[PDB]
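A structural walkthrough
The chain contents come next:
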Amino acid sequence: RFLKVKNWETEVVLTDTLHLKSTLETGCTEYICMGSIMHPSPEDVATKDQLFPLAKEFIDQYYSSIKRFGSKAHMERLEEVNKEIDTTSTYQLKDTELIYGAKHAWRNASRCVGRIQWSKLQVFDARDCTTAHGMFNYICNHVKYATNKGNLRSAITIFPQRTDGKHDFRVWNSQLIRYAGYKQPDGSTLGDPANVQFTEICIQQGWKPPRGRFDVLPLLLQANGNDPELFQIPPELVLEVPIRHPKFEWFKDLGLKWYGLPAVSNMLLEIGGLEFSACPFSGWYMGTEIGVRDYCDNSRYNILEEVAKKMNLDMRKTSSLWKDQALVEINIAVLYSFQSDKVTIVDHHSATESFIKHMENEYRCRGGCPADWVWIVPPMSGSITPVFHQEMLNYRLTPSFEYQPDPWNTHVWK
Amino acid sequence: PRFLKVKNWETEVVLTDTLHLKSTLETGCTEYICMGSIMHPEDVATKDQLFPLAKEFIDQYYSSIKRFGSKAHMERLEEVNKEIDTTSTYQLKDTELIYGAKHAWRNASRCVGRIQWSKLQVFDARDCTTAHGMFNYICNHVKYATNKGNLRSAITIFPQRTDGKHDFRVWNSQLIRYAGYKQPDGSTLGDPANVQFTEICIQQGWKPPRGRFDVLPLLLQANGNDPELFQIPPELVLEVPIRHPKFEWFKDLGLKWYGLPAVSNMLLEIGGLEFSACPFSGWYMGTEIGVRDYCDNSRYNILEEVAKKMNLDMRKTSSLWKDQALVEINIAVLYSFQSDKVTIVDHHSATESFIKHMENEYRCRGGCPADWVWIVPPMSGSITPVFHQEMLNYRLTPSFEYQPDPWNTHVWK
Ligand code: HEM
Ligand code: HEM
Ligand SMILES: COc1cc(N)nc(CCc2cc(CCN(C)C)cc(F)c2F)c1
Ligand SMILES: COc1cc(N)nc(CCc2cc(CCN(C)C)cc(F)c2F)c1
Ligand SMILES: C[C@H](O)[C@H](O)[C@H]1CNc2nc(N)[nH]c(=O)c2N1
Ligand SMILES: C[C@H](O)[C@H](O)[C@H]1CNc2nc(N)[nH]c(=O)c2N1
Ligand SMILES: [Zn+2]
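Residues numbered from 1 in each chain as written, not as in the entry; some residues may be left out. Chains lettered and ligands numbered in written order. Heavy atoms only, no water.

Method of determination, as annotated in the archive: X-ray crystallography, at 2.1700 Å resolution.

All names here are of chain B. Turning to its location among the elements, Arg 395 is positioned in the loop between α10 (372-375) and β18 (399-401). Polar side-chain contacts of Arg 395 include one of 3.3 Å to the side chain of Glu 269. Apart from the residues lying within four places of it in its own chain, the contact partners of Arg 395 are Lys 22, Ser 23, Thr 24, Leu 25, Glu 26, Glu 269 and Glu 401. (Helix = DSSP H or I, 4+ residues; strand = E, 2+ residues; numbered from the N terminus. Polar contact = N/O pair within 3.5 Å; in protein donor to acceptor, adjacent residues only side chain to side chain. Contact = heavy atoms within 4.5 Å.)

The next subject is the site of ligand 1. Residues and elements named next belong to chain A. For ligand 1, the set of nearby residues contains 17 residues, the closest of which are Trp 106, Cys 112, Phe 281, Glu 289 and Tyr 403. For ligand 1, a nitrogen atom lies 3.4 Å from a polar atom in the side chain of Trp 106. Interatomic distance of 2.3 Å between a side-chain N/O atom of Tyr 403 and an oxygen atom of ligand 1. Here the shell around ligand 1 is built from residues that sort into 11 nonpolar, four polar and two charged. (Near = heavy atom within 4 Å. Nonpolar A, V, L, I, M, F, W, Y, C, P; charged D, E, K, R; others polar.)

Let's shift gears to the site of ligand 3. All names here are of chain A. In the vicinity of ligand 3, 13 residues are found, and the nearest of them are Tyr 259, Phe 281, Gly 283, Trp 284 and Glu 289. In this structure, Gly 283 approaches ligand 3 through a main-chain N or O atom, which is 3.3 Å from an oxygen atom. In the model, a nitrogen atom of ligand 3 is placed 2.6 Å from a nitrogen or oxygen of the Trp 284 main chain. Within the complex, the protein chains bury 64% of what would otherwise be the 580 Å² of accessible surface of ligand 3. Of the residues that constitute the shell around ligand 3, the class distribution is eight nonpolar, three polar and two charged. (Areas by Shrake-Rupley, 256 points an atom, 1.4 Å probe, with all protein chains shown as cover.)

With that out of the way, let us pick up the domain arrangement of chain A. All names here are of chain A. Per the domain assignment, the segments making up chain A are domain 1 (16-127 + 154-164 + 268-282 + 352-376), domain 2 (128-153 + 168-239 + 403-407) and domain 3 (240-262 + 285-350). Using C-alpha coordinates to define each centre, domain 1 is positioned 27 Å away from domain 2. Taken residue by residue, the interface counts 22 residues in domain 1 and 17 residues in domain 2. Of the roughly 1600 Å² buried between domain 1 and domain 2, counting both surfaces, carbon and sulfur atoms make up 61%. Looking only at domain 1, the three residues that lose the most surface to domain 2 are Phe 159, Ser 277 and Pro 280, adding up to 27% of its buried area. Linking domain 1 to domain 2 there are one salt bridge. The shortest N-O distance in the salt bridge between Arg 162 and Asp 168 comes to 2.9 Å. Between domain 1 and domain 2 we count nine residue pairs in polar contact in total. At the level of secondary structure, the elements contributing two or more residues to the side of domain 1 that touches domain 2 comprise β3 (122-125), β4 (155-158) and β15 (281-282). Partitioning the side of domain 1 that touches domain 2 into residue classes produces 12 nonpolar, six polar and four charged. (Domains from an automatic or database assignment. Buried area = accessible area lost by both parts, 1.4 Å probe. Salt bridge = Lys/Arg side-chain N within 4 Å of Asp/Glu carboxyl O.)

For the rest of this paragraph, the subject is the interface of chain B and chain A. A common way to state how big an interface is: give the accessible area lost once the parts meet. Contact residues are listed per partner, giving 64 residues for chain B and 60 residues for chain A. A combined buried area of about 5200 Å² lies between chain B and chain A, and 61% of that area is made up of carbon and sulfur atoms. On the surface where chain B and chain A come into contact, there are zero salt bridges. One can count 30 residue pairs in polar contact joining chain B with chain A. Those elements that place two or more of their residues in the side of chain B that touches chain A are β1 (4-7), α6 (286-295), α8 (321-339), α9 (347-364) and α10 of chain B. Of the residues forming the side of chain B that touches chain A, the biggest block, 10 residues, is contributed by α8 of chain B.

Right, let's talk about the coordination of the zinc ion (ligand 7) for a bit. The coordination sphere of the zinc ion (ligand 7), as far as protein atoms go, consists of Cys 28 of chain A (SG), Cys 33 of chain A (SG), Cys 29 of chain B (SG) and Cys 34 of chain B (SG), spread over 2.3 to 2.4 Å. In this structure, the zinc ion (ligand 7) is coordinated by four donor atoms arranged in tetrahedral fashion, with angles at the metal of 106 to 119 degrees. Taken together, the residues span two chains, with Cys 28 of chain A in the loop between β2 (13-16) and α1 (48-65) and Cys 29 of chain B in the loop between β2 (14-17) and α1 (50-64). Neither residue differs from the other here; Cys 28 of chain A and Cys 29 of chain B are each classed as buried. (Donors = N, O, S within 2.8 Å, 3.2 Å for Na, K, Ca; no water. Tetrahedral: all angles 85-135°; square planar, octahedral: opposite > 155°, others 65-115°. Buried < 20%, exposed > 50% of the residue type's maximum accessible area, 1.4 Å probe, protein only.)

All names here are of chain A. Taken together, the three strands give an open sheet; going across it, the order is β5-β8-β9, and neighbouring strands pair in antiparallel fashion. Strands with a single pairing partner mark the edges of an open sheet, and in this sheet they are β5 (170-171) and β9 (229-231). Note that strand β8 (residues 219-222) and β9 share three bridges and pair antiparallel. Counterpart to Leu 220 in the pairing with β9 is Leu 230. (Pairing = 2+ DSSP bridges.)

All names here are of chain A. On the basis of which strands lie adjacent, the open sheet formed by three strands has the order β14-β13-β18 and antiparallel pairing. With one partner strand each, in any of the chains shown, β14 (274-276) and β18 (400-402) form the two edges of the open sheet. Here the average twist between neighbouring strands, direction ignored, is 30 degrees. Both strand β13 (residues 268-271) and β18 contribute to a ladder of three bridges, which runs antiparallel. Counted as the bridge partner of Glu 270 is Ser 400 from β18. Those strands touched by helix α3 (residues 95-107) are β13, β14 and β18, and its axis lies near 120 degrees from that of β13. (Axes fitted to C-alpha atoms, helices over the stretch in contact; angles between N-to-C directions.)

This part is about the packing of α6 of chain B against α8 of chain B. All names here are of chain B. α8 packs onto α6 with a crossing angle of 130 degrees between their chain directions and a minimal axis gap of 9 Å. In terms of axis orientation, α6 runs oblique to α8. By crossing handedness, the relation of α6 to α8 is classed as right-handed. Judged by residue contacts, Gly 286, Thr 287, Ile 289, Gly 290, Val 291, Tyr 294 and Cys 295 of α6 engage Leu 326, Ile 329, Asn 330, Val 333, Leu 334 and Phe 337 from α8. Partitioning the contact of α6 with α8 into residue classes produces nine nonpolar, four polar and no charged. (Parallel < 35°, antiparallel > 145°, perpendicular 65-115°, else oblique. Left-handed = near helix turned anticlockwise from the far one by under 90°.)

Once that is clear, we can look at the environment of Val 307 of chain A. Residue and element names in this part refer to chain A. Here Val 307 is to be found in helix α7 (residues 304-310). Here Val 307 falls in the buried class, since its relative accessible area comes to 0%. Measuring from C-alpha to C-alpha, the distance between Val 307 and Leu 327 comes to 8.5 Å, with 20 residues separating the pair along the chain. Excluding its chain neighbours within four sequence positions, the residues that come into contact with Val 307 are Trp 250, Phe 251, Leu 254, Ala 326 and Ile 330.

For the pair helix α8 (residues 322-340) of chain A and α8 of chain B, interaxial distance at closest approach is 9 Å and the crossing angle is 175 degrees. Viewed along their axes, α8 of chain A and α8 of chain B adopt a mutual orientation that is roughly antiparallel. Here α8 of chain A contributes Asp 324, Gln 325, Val 328, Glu 329 and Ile 332 of chain A to the contact with α8 of chain B, which in turn contributes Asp 323, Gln 324, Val 327, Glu 328 and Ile 331 of chain B. A class-by-class count of the residues in the contact of α8 of chain A with α8 of chain B yields four nonpolar, two polar and four charged.

This paragraph deals with the pattern of salt bridges. Close approach of charged atoms lets side chains of opposite charge pair. All names here are of chain A. All told, the structure shown has 41 salt bridges over all chains when counted by the stated rule. Between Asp 125 and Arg 127 there is a salt bridge; the shortest N-O distance is 2.7 Å. Classification of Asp 125 as partly exposed rests on a relative accessible area of 29%. Taking relative accessible area as the criterion, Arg 127 reaches 18% and is therefore assigned buried. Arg 178 serves as the salt-bridge partner of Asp 192, at 3.5 Å between the closest nitrogen and oxygen. Taken together, the positions of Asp 192 in the loop between β7 (189-191) and α5 (196-204) and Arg 178 in the loop between β5 and β6 (181-183) put the pair 14 residues apart, joining distant regions of the chain. Residue class for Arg 178 comes out buried when judged on its relative accessible area of 14%.

Residue and element names in this part refer to chain B. On domain assignment, one finds that chain B holds domain 1 (17-126 + 153-163 + 267-281 + 351-375), domain 2 (127-152 + 167-238 + 402-406) and domain 3 (239-261 + 284-349). Computed from C-alpha atoms alone, the centre-to-centre distance between domain 1 and domain 3 is 36 Å. With six residues of domain 1 at the contact, the number on the domain 3 side is six residues. Summed over both partners, the interface of domain 1 with domain 3 buries about 390 Å², with 44% contributed by carbon and sulfur atoms. The interface formed by domain 1 and domain 3 contains zero salt bridges. Counting every contact that joins domain 1 to domain 3 gives six residue pairs in polar contact.

Quick look at the structure:
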């Protein structure tokens, strides 16, 4: 009813009433908490009986947000939706409703630390698309608009909603821009180990790999349930940063670069019981996503030993903390490099500070802010960011972004 | 569903949990809201509430010694059943006290160091009756546990709660802490987290040396009477000066810390009995000192001072000057303890050990409850193996619980 959270660093207490509007399973029970489990646990289509309540609840909340609850427009819209569901088994969102739904799914993303920007989101309605070529064109316009010569802008492109489950639109790429990974016969991995499987799918589909360390993968686009199709993103639209270090002249000899635009394309946008299986959305990077996870995860580029080596660090025992020392210098390089090239990025201190400020405002104006602590806290120097000491309540608000099966596991080929 | 799986996203190892079917008290979560990051979710049990609690634990004990449904098991069930009728409560056999203590540590979802759980030295202090007696026990605990720097894990168990008005309580949160003194100009000398406890000790008669690292006196409460002050003999209190293996100016910071981390404010539940005074100790993980004690803004807060001596650009947060000074502080804490042959473990070794332990626990027990929010070190998170480890969290008994501060709940004499 009235739930409390405390910041153990500042002793500030906040009061959550928004949790009364939560919905689909945390996955937790009174006996087992699953707050550190990554995912939960085809035919999947909603019926008329399932869709009426979900649509109504979304429409109700839309009109309340525009200060028109109970208005004639509100009542007529419900009637229009209710009739459309009854005669067609689904309904279409108005443009205003789609923009509202997209922004609130981001606002509701428990795991996103960037949510302070949630209302400044550019929504591209691609519901008139019918083909993978159509999708490719939409996506290139997304990438170019968002990139903006390095002054990045948040954006989402929404492809037609799922109908009977058999004509989905999907982006098979997990992110719009990622580098290929080639597993070698000798066991090693050239490129990005995380993408070996998807790279092989692309090669099989006919992609000709240049077999390099930083090869931008082609897009694999699926329209209306058909076989997916390959397209090369135009290289001039793919902004990259060469990674160097302000103090270590040799850091650039590491030959490192990253792409400037993070763009999640494998998730599902649920608005009023409708499912948008293809909705690629993009923002800008927090430094540690590249500097900690992309470069230093043992199952990724894995450069700590090579960086430490160059730093002449004693790597005999772990208690020398040579990993900790090198990780910091890498993340200094990555911020310095993006900043030097006027490409938008945010370090993990600034980003966590703004999220606390965002969180407190949400409690004030909105009565709560779901947050997944496991994901909000950065993967280095955790306890010296303000969110480490912040208690957080986690629950699912709709509209929301959701995970969905990898399309290669589900598709029925022809 | 009678099985739950967990996956490690770095090594792709999957483990199957079945031990969760024996979970008990609340987690605080529901199917609608998860509290995995909330720190805390006469009044004692009636007669109906105690018998089954004691019942499960005895079964658990005898099932653990290959003797379930066997010889002594039967009439011990009857004997415990007998005693609760007369005494309202009951008493554990020595073997049972040892068993539940090691199992509360084993069951401690938030403890990364549980690979050692069966190597606990248990001090039965249930003949104690006075704070003087408590102090004697605690001194012997401290001296045993310190062991000239080769630290050994130990617990001292004092008399169990009976009615609630006669609790035994160690009022200090840990057995060894430094004091905290408010200053006329709003600032704070020493450890800020201890200002309130320090002021109680002064109000109780403690003469404060009013420096930073003044060890606090023990404030011991026996049988529910007023607590009393005792000064731990300093030759029992092992302290380590902090120097840097590179930076000569580090020792000029005047930094030191104690060797023995001993939690003294928790409650031990065994068979529905409530051991309100049960100080237990292990040995330090280095990040506890270098990251939390030294660099929390609400604690010793030395980041700004260390970065100055390292001459780091302190204007913008994107230089990561904080992250840099933090690494250095933690190199020195470990290096200092190691040089003084005082036991300490860095966050890399500790978390690798806990992954071994988790592997063992699923292998031999079918589950190892774990709190990701607490297991993950407070620095260099993702480069340790437990970042990428899915963990299920659930409450197994015997267990250590929190309890309120006694100065909020004590009707004085
Ligand atoms: C604009 C600046 C943004 C920042 C700084 C930001 C930051 C982050 C970070 C650091 C994560 C965790 C990343 C990871 O470990 O994979 C994350 C996750 C997420 N973000 Fe944001 N993000 C931004 C934009 C967006 C936008 C525009 C959307 C949606 C419209 C969004 C929705 C999400 C979602 C759903 C997740 C969870 C993904 C998952 O569970 O895999 N974010 N964000
Ligand atoms: C032997 C070496 C040990 C190591 C390296 C170790 C390590 C740790 C660490 C780092 C924490 C996190 C505490 C914090 O950050 O505030 C913790 C928590 C805890 N440990 Fe251990 N520990 C050890 C021994 C023990 C022993 C002997 C016991 C009990 C018999 C124990 C029971 C607990 C409990 C109950 C917690 C949770 C405390 C709370 O919830 O506030 N540990 N341990
Ligand atoms: C949409 O806005 C965003 C802003 C920022 N900063 N980060 C993201 C995550 C984007 C992202 C995440 C991941 C990791 C996926 N795991 C499941 C392994 C890899 C990427 F290559 C990528 F790009 C999104
Ligand atoms: C029993 O064995 C152990 C081994 C290790 N390494 N750590 C502990 C907890 C050590 C410990 C924890 C805290 C808690 C501080 N915040 C909650 C405010 C304060 C201490 F003064 C202290 F010492 C116990
Ligand atoms: C908000 C959060 O619950 C709280 O800050 C926790 C996070 N994880 C922790 N982990 C450890 N080991 N010790 C702590 O005090 C905390 N604090
Ligand atoms: C097991 C655990 O859930 C997993 O390693 C999580 C931990 N926290 C994370 N936090 C973020 N931001 N991103 C991640 O990929 C993960 N991985
Ligand atoms: Zn939970």
